[PDB]
Amino acid sequence: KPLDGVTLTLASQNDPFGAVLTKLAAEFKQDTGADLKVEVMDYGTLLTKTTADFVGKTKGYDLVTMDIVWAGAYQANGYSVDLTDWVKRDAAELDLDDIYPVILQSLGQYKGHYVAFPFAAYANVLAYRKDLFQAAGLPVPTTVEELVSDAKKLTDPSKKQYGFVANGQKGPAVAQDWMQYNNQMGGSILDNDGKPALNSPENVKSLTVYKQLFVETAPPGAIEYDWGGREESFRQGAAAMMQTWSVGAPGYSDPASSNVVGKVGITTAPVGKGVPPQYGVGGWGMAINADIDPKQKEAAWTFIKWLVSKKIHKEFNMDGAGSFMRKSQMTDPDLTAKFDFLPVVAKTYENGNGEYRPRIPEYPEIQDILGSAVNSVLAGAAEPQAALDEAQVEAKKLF
Ligand SMILES: OC[C@@H](O)[C@@H](O)[C@@H](O)CO
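> Teacher, can you tell me more about the overall build of the chain here?
The helix and strand inventory of the chain stands at 19 helices and nine strands. For a compact globule of 399 residues, the expected C-alpha radius of gyration is about 21 Å, and the chain comes in at 21 Å, within 12% of that figure. In terms of principal-axis extent, the alpha carbons of the chain reach across some 60 × 50 × 35 Å. Within the chain, counting contacts between residues at least 6 apart in sequence, those at least 24 apart form 76% of the total.

> Teacher, can you tell me more about the site of the ligand here?
Around the ligand, the surrounding shell consists of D15, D67, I68, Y122, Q176, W227, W245, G282, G283, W284 and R357. Here an oxygen atom of the ligand sits 2.6 Å away from a polar atom, N or O, in the side chain of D15. With respect to the ligand, the side chain of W227 contributes an N or O atom lying 3.4 Å from an oxygen atom. In the complex, the protein chains occlude 98% of the 300 Å² of accessible area that the ligand would expose alone. With three residues, strand β9 (residues 281-288) is the largest single contributor of residues to the shell around the ligand. Tallied by class, residues from the shell around the ligand come to five nonpolar, three polar and three charged. A domain split of the shell around the ligand shows at least three residues from each of domain 1 (1-122 + 282-351) and domain 2 (123-281 + 352-399).

> Can you walk me through the pattern of salt bridges in this structure?
Side-chain pairs of opposite charge can arise whenever the charged atoms involved come near each other. Counting across every chain of the model gives 16 salt bridges. Across the salt bridge formed by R89 and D90, the nearest N and O atoms sit 2.9 Å from each other. You can call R89 exposed: its relative accessible area is 54%. Judged by relative accessible area, which is 11%, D90 ranks as buried. Measuring nitrogen to oxygen at the nearest pair gives 3.1 Å for the salt bridge that ties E394 to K397. For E394, a relative accessible area of 33% gives the class partly exposed. Residue classification places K397 among the exposed residues on the basis of a relative accessible area of 59%. Among the ionic contacts, a cluster of salt bridges with common partners joins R89, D90, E93 and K305.

> I tried to follow the pairing of strand β3 (residues 63-67) on my own but got confused; where do I start?
The two faces of the sheet receive side chains in turn, since in a regular strand these alternate between them. With five of five residues buried, β3 lies mostly within the body of the structure. Because side chains alternate across β3, one face comprises the buried residues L63, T65 and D67, and the other comprises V64 and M66, equally buried. In this structure, strand β1 (residues 7-13) lies alongside β3, joined through two bridges in parallel fashion. Paired with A11 across the bridge in β3 is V64.

> Where do I start with the nonpolar core in this structure?
Buried together is how nonpolar side chains tend to be arranged in soluble globular proteins. In this structure, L21, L63, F117, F119 and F303 are the most contacted members of the largest nonpolar core, which totals 134 residues. The greatest single-element share of this core, amounting to 10 residues, is contributed by strand β6 (residues 117-129). Two domains each provide a minimum of three residues to this core, namely domain 1 (1-122 + 282-351) and domain 2 (123-281 + 352-399). When sequence neighbours within four positions are dropped, the list of residues in contact with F303 reads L8, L10, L21, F28, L36, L63 and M286.

> Please explain helix α14 (residues 310-318) as it appears in this structure.
The α-helix winds at 3.6 residues per turn, so residues separated by three or four positions along the chain end up facing the same way. Regarding α14, the residues found buried are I312, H313, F316 and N317. All buried residues of α14 project into a common sector of 135° when viewed along the axis, lining one side. The positive-phi residue at the C-terminal boundary of α14 is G320, with phi of around 100°.

> Please clarify how the side chain of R235 should be interpreted in this entry.
Within the fold, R235 resides in helix α11 (residues 227-236). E231 provides the closest opposite charge to the buried, unpaired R235, separated from it by 4.8 Å. Leaving out residues up to four positions away in the same chain, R235 has contacts with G251, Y252, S257, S258, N259 and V260.

> Just to check I follow, could you spell out the packing of aromatic side chains for this structure?
Working definition: an aromatic ring pair is given by the centre-to-centre distance plus the angle between the planes. Across all of its chains, the model carries 26 aromatic pairs by this definition. Residues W70 and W284 carry aromatic rings whose centres are separated by 5.3 Å and whose planes lie at 80° to one another, so their mutual orientation is edge-to-face. On the criterion of sequence distance, the pair formed by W70 in the loop between β3 and α3 (71-77) and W284 in strand β9 is long-range, its members being 214 residues apart. Note on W70: relative accessible area 1%, which makes it buried. Among the aromatic side chains, those forming a connected cluster through ring pairs are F17, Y43, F54, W70, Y74, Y79, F119, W227, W284 and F316.

Thresholds, definitions, all that
- Residues numbered from 1 in each chain as written, not as in the entry; some residues may be left out.
- Heavy atoms only, no water.
- Residues with missing side-chain atoms left out of burial classes, pairs and counts.
- Helix = DSSP H or I, 4+ residues; strand = E, 2+ residues; numbered from the N terminus.
- Rg over C-alpha atoms; globule rule 2.2 N^0.38 Å.
- Contact = heavy atoms within 4.5 Å.
- Near = heavy atom within 4 Å.
- Polar contact = N/O pair within 3.5 Å; in protein donor to acceptor, adjacent residues only side chain to side chain.
- Areas by Shrake-Rupley, 256 points an atom, 1.4 Å probe, with all protein chains shown as cover.
- Nonpolar A, V, L, I, M, F, W, Y, C, P; charged D, E, K, R; others polar.
- Domains from an automatic or database assignment.
- Salt bridge = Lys/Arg side-chain N within 4 Å of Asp/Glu carboxyl O.
- Buried < 20%, exposed > 50% of the residue type's maximum accessible area, 1.4 Å probe, protein only.
- Pairing = 2+ DSSP bridges.
- Core = buried A, V, L, I, M, F, W, Y, C linked by side-chain atoms within 4.5 Å.
- Arc of directions from axis to C-beta.
- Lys, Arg positive; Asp, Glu negative; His and termini not counted.
- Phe/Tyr/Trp six-rings, centres within 6.5 Å; stacked < 30°, edge-to-face > 60°.

Written as structure tokens, this is what we have:
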């Protein structure tokens, strides 16, 4: 087989695709003879360890799962192979027309160059407990104000029942969840010239309402949750509503992992007044480390093409990757039977906003700064105005 004797080392975010990539290693070795070693890490550790590998030119990782919001940093620093030529050369293998253009562009490209190739696309959705809403006589929320109101109505500590959950963990997790909320109210963290605007009066008001919501309606231990932690909370039955990525939805219908099978609805994220549908897109691309040997680059690209092929990518998603990205997947009889929320995913990608969160080179640093600020506010250590003022000062140093 062509890749006999080859080892590929892949650094992966600990989203559901980390375990699925680990599982698919066997089939990849059966198909190509290559040994795929997947190292799954949490978001911060992943970013730290792979950035150090790039900077040191040490060639420890051949393949890295690159977050959409890292695309500008990857392009500016040349961390990854520019895949533009190979995408064009091998397009017929990739069935590009069957990948939504917003996904190819936003998860793969920056400034017209492929720094990665999309392998896991996420739609921003509201997950809610159908049973709890029905019992309470409440309609499906469509406005962020409904979310606040319903979250309070559905909080009753006496039954260990919380109306709402979101991330509290310092850093990217807490930052991203506040950013999502702010986006749905038409807010931003950059001004119209792309410069930091973390502490605008709108954002201070937004964070003030968000803090009140978090303190009043989320499980008390939510101050420590990252994405996986709040997904687990929701699956366990603890919270009535959660704004999340579609990646979490396979888990809700898994009886081995879920106390809410049959109980969860998936809809578009609610919006503030005057705000049009936000169809937020996120996810991860697969990058090849620019430092590795030519034969390692060739093998890594062979792996990428294998993974995104219709056959394997369907298997990937039937195994729970929650990473749907192909038009063909949205009408596929098996995928639609297993995952009845794909109409919402498809509508999101058809209208997708691949700039739902910034992808500029400064963003990963902004994200960490904002994460410290929002966590200090949710923990009761700093007030919204002072915290965002401080964050703005630090963010401006990057420009
Ligand atoms: O599960 C968390 C998810 O991987 C992050 O929000 C990424 O930033 C999505 O692009």
